[PDB]
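Participant: Structure provided below as structure tokens; questions to follow.
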Amino acid sequence: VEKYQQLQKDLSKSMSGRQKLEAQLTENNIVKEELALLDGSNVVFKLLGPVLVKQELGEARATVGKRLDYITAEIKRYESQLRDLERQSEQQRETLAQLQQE
Amino acid sequence: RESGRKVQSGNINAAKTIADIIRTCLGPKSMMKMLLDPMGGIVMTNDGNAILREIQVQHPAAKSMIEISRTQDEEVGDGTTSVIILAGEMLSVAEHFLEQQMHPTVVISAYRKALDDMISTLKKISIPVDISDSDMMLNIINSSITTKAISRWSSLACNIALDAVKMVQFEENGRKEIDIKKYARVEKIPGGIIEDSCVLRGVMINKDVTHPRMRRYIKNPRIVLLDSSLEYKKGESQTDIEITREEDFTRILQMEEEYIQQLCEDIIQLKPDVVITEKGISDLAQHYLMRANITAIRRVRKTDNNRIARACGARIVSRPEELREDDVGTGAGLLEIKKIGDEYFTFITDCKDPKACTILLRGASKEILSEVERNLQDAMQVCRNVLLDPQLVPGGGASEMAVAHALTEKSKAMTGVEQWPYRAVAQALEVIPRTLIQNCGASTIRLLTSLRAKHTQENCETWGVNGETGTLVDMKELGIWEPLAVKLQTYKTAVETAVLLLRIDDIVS
Amino acid sequence: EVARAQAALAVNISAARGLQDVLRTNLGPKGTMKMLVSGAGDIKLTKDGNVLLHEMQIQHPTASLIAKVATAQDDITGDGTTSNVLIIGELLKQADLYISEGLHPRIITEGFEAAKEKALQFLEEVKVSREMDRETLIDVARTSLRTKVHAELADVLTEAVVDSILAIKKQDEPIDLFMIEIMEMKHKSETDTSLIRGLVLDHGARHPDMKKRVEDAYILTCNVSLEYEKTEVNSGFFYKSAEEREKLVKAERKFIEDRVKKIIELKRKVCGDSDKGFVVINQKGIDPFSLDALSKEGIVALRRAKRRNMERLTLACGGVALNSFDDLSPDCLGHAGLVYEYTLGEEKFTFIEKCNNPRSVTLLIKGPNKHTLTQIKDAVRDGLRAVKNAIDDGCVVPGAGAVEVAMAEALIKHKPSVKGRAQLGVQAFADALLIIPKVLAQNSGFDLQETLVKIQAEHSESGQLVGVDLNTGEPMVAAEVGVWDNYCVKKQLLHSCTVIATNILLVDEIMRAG
Amino acid sequence: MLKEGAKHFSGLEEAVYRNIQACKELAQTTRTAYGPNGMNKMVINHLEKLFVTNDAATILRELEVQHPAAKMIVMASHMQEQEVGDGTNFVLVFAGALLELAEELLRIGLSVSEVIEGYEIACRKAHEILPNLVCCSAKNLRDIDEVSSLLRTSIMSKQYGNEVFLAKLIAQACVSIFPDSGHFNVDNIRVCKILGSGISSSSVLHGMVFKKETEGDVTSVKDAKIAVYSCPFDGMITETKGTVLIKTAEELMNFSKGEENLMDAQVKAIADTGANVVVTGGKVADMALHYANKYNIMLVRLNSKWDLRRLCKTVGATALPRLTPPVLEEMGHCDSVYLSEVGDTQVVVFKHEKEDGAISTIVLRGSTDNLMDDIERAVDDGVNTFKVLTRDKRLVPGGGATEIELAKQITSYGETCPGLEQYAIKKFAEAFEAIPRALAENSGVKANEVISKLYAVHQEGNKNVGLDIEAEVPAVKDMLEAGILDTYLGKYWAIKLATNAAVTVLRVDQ
């Protein structure tokens, strides 16, 4: 029936990019290492959205404390969407199957 | 938390209740105990070691009783039934009296002094044997296998053990132990007859070898026991990360293969056609011995290799650079893998190790062998007891009533309190001839007094009552005999727990 | 717990008694069959010493011990086993008194020995070398049969019993190994029993009139089917995937006609003439058209045959079991001198009979297929042992315990010990002998007393072996009666009764172990 | 026993008492159950349903005792009932009666074999003298009377008065179609009981009578290729989804029509294989019915296995669930395969007539099942007593005018043959009086009064007991000719049979 995997998709969806963040998490701790060891030697742009912008150092720094908010925010929110979708998915499994069989 | 007289009586009650039918079990005339099970399994056995395990143990002394019977069962295995006999007696006879007459120790001290008196009396009544004459041994061994009551196959097991035990006879601590049993290695072979079973120089290894193990027939060429220090080095002289990946295969095997080469080329100098790898055995190691043009043999028990250290009689060396005939595989060596029945059997012959032949046993079946096998295992215990003690002592009442009068006279010459323990101990002896008279079907107190008259005059030298015939007899003439050792030992053991259970006044948690 | 000394044997003596009473008639034609409910919960009838033991679930250790030890003898004889229980505990009833008088059970176990030997000596001195005449075989057969079943039932069945053994001694086999095949068959009455010198298969396959009446039988026993399957997927090949099923649909029906026409060839290969009915025999099924393609050619193909038959057929016909058909000569497929598929009830029981070297004689019994028909399935194989024993020993004596007295007489009359100690045992020993022939008479008729003082004085008069008339209760010459003790039979009870009594007579402590 | 071992419940006293006594228990009613029987027996079968009869085997099989004593002898009583339709009411009583002489002889102290063997040779002596007392033989199956004359005897040995209309109705079922020479069949002649009409409206339609509603039209052909099927309709509509009918609103559309075309193909494939009657133990469906009306293949809406069984049995049909196109393997048999209203119940009718193989199908119209099945019972055991497969049954006095002859024969001779066996031989001639008593039981007088007079009838073969007062005061009814004899054979077995188990059940002390 349709109601099974509707929820498990966006489960699996926000699951992986969240885990992509875990790589980026180390990087978001390492970008706090990389930029903090950048005194303005190499031109620091934020890469934040599609516009690539002439940036400053605090703009570089405050951003990666804010870029960790990626790994902070996206990871956490999904653990909701994980079970938020998972339970309604698990719920709908036995209901509509037993019907169509019964 | 239980203690004291009650325990001291309970110790007897524990210990003594065992031996009752167990003494009737003593001797070929024997009254088997029926052991039914709560399951209902019925057991008719004259052998305590079986009886001991199977029975509910009502008291921790029985738990302790098991120990010294297992001890002798481990110590020799001969007379295990007899070790719990006189332990209770000492306790049983005197204990309540002399603790009511107040002492653990006076009996405890009178355990030893009664003990050596027998040992002293034994060595007089224990008279030496010809080990030069296998039959001077064999007759006892025959008396021993008729004690095991197989004269059919085991009379050959007599010879095979005897011939082996005379060969497995050797050892040196600097005090030079007579036999060595941990050298003695039997085989278990279907096919052939146990009459065709024999003993050959060194330790025959069927233990790891039921099939191809070291080629087949390696005539002169050596087998190489390896206690090295052969582990293939991931680097050259250094160990590096293990091999998870192609680079690790390439780089490391570069450094690995040359080290086993550095190793098993030091093996090829000692002239093996076969190399049995107990240590350093690993995927590369034995792979290079075929590259070292020698058969390699994998992941083997050092028990064998120690038996094998008694087979070719070599040592084993951990020396990576120095690997030789004298280091491993001494003598010319004979490595013969023979199929006796359907199983290929390494026979390591040309022993370089004192005497030292080990046992071919090939029965037409495993089972037809087993009847030889157990009594041959019994005969070796017997033979070594003749070897350890080369004084054959007359079995039963002859060795029994003899010591008693000494002990009494001892007690009487001591005329202290300890007289009563000896008076208990000397009387504690008389049970077994009584038991034999109990066992034979005659009236004991008559035969006892009769046996006293055998001591009153003869000193019961060779004269006990013979439980089989149930008569006053010449054990010399009967050929009824036994080594002082197991006689001593089993007895000396029977002293020990009586010392124990009398010492132990507190059973607690 | 512990039943100490005298108590432990007091248990042993008792457990022997009440069972011995059951077997005072389990024995002889006088012997009364006994039935079993609580042995299973099935309705079960049996007459024999050891089997009734095993049939019952026997909680008492004595009986529990006995079922194993009487086996070894019941392995050999089968009768005298229904006898054997008596002498044993009765000897306990002898000796226990003496130890109740006071004495060692030792010296009495001792005492039995020389008495056992003189018996063994007497067993030689008594045993009458007799001939292999089927008559001599009949009376040994039927006396065990008479013991186990009715003399009528003994008589009517005795023939086939003493017959097969002649053909199994045609093999010069000293014993009975094949021709032991017994067949129970659907019938209103167990009255019908037949002797098939060859074998009997129970099946005609599924196809009638294959030329199922076969005078010249070249026996193809083929454990492989002509029925692999008529559908798409093979016999052992199962597929729930679609594309793999379309693969097997074409040649599954073919590989049948592969094996089918191999036989159709094999028929003409064996025969070339439909005249000789060629017998295909399958341990598994065979397709109807396979049978059809075979039956029309005159090939009689049998399916779902039994492995023992496969064994039997291979051996009895000089036959062969085959995993392929192909083509073979008549003799490559062993020959049965006669083959006839025989329908009784619905099932057509193929009579494959007088197979070349008919090494296995099927003894067929047509009956209700109750345990009643099973109740006659024993005495035969039992009697088979007896005649096999009689086959074994040319030395066979009168039955009905004529030996007992002549034993009990001489063995006791002389002191074999000229002692107390052994004679004490000897006294008890040869006394437990007479239990059987007197109680048989006593159960039959005249009391133990007269028959004994008859047969004793009679033996005293005779030295001829005179023994009870089990339908009278006073002795006759059991050589003349026909009830006959094989020395193979009679000897072993002397072994058992003694050797069992030895250790069991010596126990004092007894306890739950574990 | 004394020892914890020795599995058994039988032996010694409990043999010489309880076994025989337990054997006594069941023969008690068999007395009321044989010969003319006014007695009746309520039975609930584990339906809790009452049923009433005089027959033991119907009841005894149900009854469960610890002891094989009861459990065994029924087999012999069956072995009778297997070979002979009636007398089984008697077959138990004599043994149980003859047994209890032993336990008396056991109090008198006579040995097992001693007690046994006297009965034995006397049983042979019986089996010797028993055919000497053959007083007639049967003659003609085509004759209704020649058959019906006997048939009463067994119906009598079940139930007294009904036998008259019945026995005639039986040979009117044509026991005669079969020769009764090496052949006869129940299932061909099978009783088919129509509840309703009268019990004496119980009729004869030769050829199958199936009370099942006869659907479709009449068969496509009367030869009909008959494909009988266990459940050829499991439904072609599927039970699935939400309501145990439908889930989605779109579901119902495919549920309804799918049954049709499947059944259309199904009932077409009934015509495609060529079955001229369709038999559905599975459900009936009007479309399939209309398909069976189109394809004109007579339909059977529901089946007991007995339907399918007999259809499988008789037609050579094979009942199989077909969600599957039907395939004739079942094919045809019966040359005339009909619809009929018998009892004016729709009656599925197949008929084919052959000297052997002809269905001449007893159709019982009846007012009461509980009767019509016991009415079935006597006619059953009457026509099964008709089953001898000797057209000449070597008749002996029926209802037992025999015993008085033999009770005279043996024990007189019983003493002549000497030795303690003679007493067992003389005890042998005693339990004959059972049915003379067992009738005098339901007749109400003393067997002594009976036997004294029926010894006083001396050599007769005729006068004996029965029902009414002529089994009471004279104890004299002519059991050669009331019209009532019985075959030597059914008689011959009971002695032979009740010789065996009785002898047997005594021998066993375990």
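Swiss-Prot numbering applies to chain B: residues 16-524, in that order.
This deposition comes from electron microscopy, 8.2 Å.
Just so it is clear, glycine is given a Cβ too, placed from its N, Cα and C backbone atoms.
Copying in the features that Swiss-Prot gives for the protein in this structure:
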type     : residues                                                                                                          : note
BINDING  : B:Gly42, B:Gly94, B:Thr95, B:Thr96, B:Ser97, B:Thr162, B:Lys163, B:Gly411, B:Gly482, B:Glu483, B:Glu497, B:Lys502 : ADP binding site
BINDING  : B:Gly42, B:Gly94, B:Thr95, B:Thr96, B:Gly411, B:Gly482, B:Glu497                                                  : ATP binding site
CROSSLNK : B:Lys248                                                                                                          : SUMO2 cross-link
CROSSLNK : B:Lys249                                                                                                          : SUMO2 cross-link
CROSSLNK : B:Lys381                                                                                                          : SUMO2 cross-link
DISULFID : B:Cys366-B:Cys372                                                                                                 : disulfide bond
MOD_RES  : B:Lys222                                                                                                          : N6-acetyllysine
MOD_RES  : B:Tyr247                                                                                                          : phosphotyrosine
MOD_RES  : B:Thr430                                                                                                          : phosphothreonine
MOD_RES  : B:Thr459                                                                                                          : phosphothreonine
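Help me picture these features in the structure, burial and contacts included.
Facilitator: Counted within 10 Å of its Cβ, the other Cβ atoms near B:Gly482 (ADP binding site) come to 28, all protein chains included.
Under the three-state DSSP scheme, B:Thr95 (ADP binding site) falls in the helix class.
The Cβ of B:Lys248 (SUMO2 cross-link) lies under 8 Å from the Cβ of B:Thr254, B:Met270, B:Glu271, B:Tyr274, each of which sits 6+ residues away along the same chain.
The number of other Cβ atoms within 10 Å of the Cβ belonging to B:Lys249 (SUMO2 cross-link), over all protein chains shown, comes to 18.
When secondary structure is read from DSSP and collapsed to three states, B:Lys381 (SUMO2 cross-link) falls in the helix class.
Less than 8 angstroms from the CB of B:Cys366 (disulfide bond) sit B:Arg216, B:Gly217, B:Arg325, B:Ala326, B:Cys327, B:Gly328, B:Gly346, B:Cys372, each of them six or more residues away in the same chain.
The secondary structure of B:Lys222 (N6-acetyllysine), as reduced to three states from DSSP, is coil rather than helix or strand.
In sequence order, B:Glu271, B:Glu272, B:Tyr274, B:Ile275, B:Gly295, B:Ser297, B:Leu299, B:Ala300 are the residues of the chain that are 6 or more apart from B:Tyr247 (phosphotyrosine) and have a CB within less than 8 Å of its CB.
On its own chain, B:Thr430 (phosphothreonine) has no residue at least 6 apart in sequence with a Cβ closer than 8 Å to its own Cβ.
Around the Cβ of B:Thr459 (phosphothreonine), a 10 Å sphere holds 21 further Cβ atoms from the protein chains shown.
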Participant: Please report the distance from the Cα of B:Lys249 (SUMO2 cross-link) to the Cα of B:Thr96 (ATP binding site), rounded to the nearest angstrom.
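Facilitator: That comes out at 58 Å between the alpha carbons.
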Participant: What does the structure give for the C-alpha distance between B:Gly42 (ADP binding site) and B:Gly411 (ATP binding site)? Integer Å is fine.
Facilitator: 10
Participant: Near B:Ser97 (ADP binding site), how many other Cβ atoms are within 10 Å of its Cβ?
Facilitator: 23
Participant: Select one residue from B:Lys222, B:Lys381: among these recorded positions, choose the one with the most other Cβ atoms within 10 Å of its Cβ.
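Facilitator: It comes out as B:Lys222.
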Participant: Taking the Cβ of B:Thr96 (ATP binding site) as centre, how many other Cβ atoms lie within 10 Å?
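Facilitator: So the Cβ neighbour count for B:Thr96 (ATP binding site) comes to 24.
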Participant: Of all the recorded positions given, namely B:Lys222, B:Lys381, B:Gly411, B:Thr459, which is spatially nearest to B:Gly482 (ADP binding site) at the Cα level?
Facilitator: B:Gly411
Participant: Here's one to test understanding: among the recorded positions B:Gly94, B:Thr96, B:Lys222, B:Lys381, whose C-alpha is closest in space to the C-alpha of B:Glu497 (ADP binding site)?
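Facilitator: Going through B:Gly94, B:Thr96, B:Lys222, B:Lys381 one by one, the closest to B:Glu497 (ADP binding site) is B:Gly94.
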Participant: Any idea of the Cα spread of the ATP site, B:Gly42, B:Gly94, B:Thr95, B:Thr96, B:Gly411, B:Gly482, B:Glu497, as a max distance in Å?
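Facilitator: Per the listed residues, the maximum Cα distance equals 18 Å.
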Participant: Please identify, among the recorded positions B:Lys222, B:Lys381, B:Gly411, the one with the smallest Cα-Cα distance to B:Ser97 (ADP binding site).
Facilitator: B:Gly411
Participant: Cα distance, B:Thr459 (phosphothreonine) to B:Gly94 (ATP binding site), nearest Å?
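Facilitator: Their Cα atoms are separated by 22 Å.
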Participant: List only the single closest residue to B:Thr95 (ADP binding site), chosen from the recorded positions B:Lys222, B:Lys381, B:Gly411, B:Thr459 by CA-CA distance.
Facilitator: B:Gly411
Participant: Please name the residue among the binding-site residues B:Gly42, B:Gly94, B:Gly411 whose C-beta has the most neighbouring C-beta atoms within 10 angstroms.
Facilitator: B:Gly411
